[PDB]
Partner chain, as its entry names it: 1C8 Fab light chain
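So this first bit is one chain, no partners, the form solved without its partner chain, shown in C-alpha cells.
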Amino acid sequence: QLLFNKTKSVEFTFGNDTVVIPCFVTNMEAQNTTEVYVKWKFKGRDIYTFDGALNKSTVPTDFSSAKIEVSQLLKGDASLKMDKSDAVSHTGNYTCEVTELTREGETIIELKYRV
C-alpha cells in the first residue's frame, strides 16, 4: 500500500564520481525508523538492507559503497547512493522495496456495575 513517485530510469557517465538511484515513497506514516525496512535489489539479490528494528545496514562486498541516508527515510526518501565503481559494474534494473511493519497493542479495562 506504499505509493511511489516513480522514475523509469536515471543515467550516469564517466564523469559521475558517485551515483544516486531515486526512490521516494509519497505516503510514509512511520514516526521513527524502528518499524521501517528498506531493501534494494539488483538482478534478484539484496544489495542493501536497512533494518529499522536494529538501526543497522547490511551490504555485500561487491556493493560495498551502497548506502541510504537514514536521516531522510521518514520523509519517504529511500534513495540509494554508491560510488562509480559499483555503479559501472552494476548497470541495469534496481528494485527499491520499503516496508512499514505492523504495530499492535492491547489494554484491559474492568467494567464494574454499582448498585
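Residue numbers count along the first chain shown, from 1. Only residues modelled in both forms are compared. Between two forms, the rigid core is the largest collection of C-alphas that superpose within 1.5 Å.
Looking at 16-24 and 99-107 together, the entry lists the larger mean B-factor for 16-24, computed on C-alpha atoms.
As recorded in the PDB entry, 88 shows the highest C-alpha B-factor of the residues 30, 88, 66, 78. When the modelled residues of the chain are ordered by C-alpha B-factor, residue 39 sits in the lowest third.
Below, we turn to the form deposited with its partner chain bound, even though it does not appear here.
Contact annotation for residue 69: none of its heavy atoms lies within 4.5 Å of its partner chain in the deposited complex. None of the heavy atoms of residue 81 is located within 4.5 Å of its partner chain in the deposited complex. Interface residue remark: residue 97 is counted as part of the site for its partner chain in the deposited complex, having a heavy atom within 4.5 Å. At a distance threshold of 4.5 angstroms between non-hydrogen atoms, residue 41 is in contact with its partner chain in the deposited complex. The Cα position of residue 9 differs by less than 2 Å between this form and the one not shown after fitting on the rigid core.
In the core-superposed comparison between this form and the one not shown, residue 93 has its Cα shifted by less than 2 Å. Listed alone, 102-115 marks the only place where three or more consecutive residues have CA shifts of 2 Å or more between this form and the one not shown on superposition of the core.
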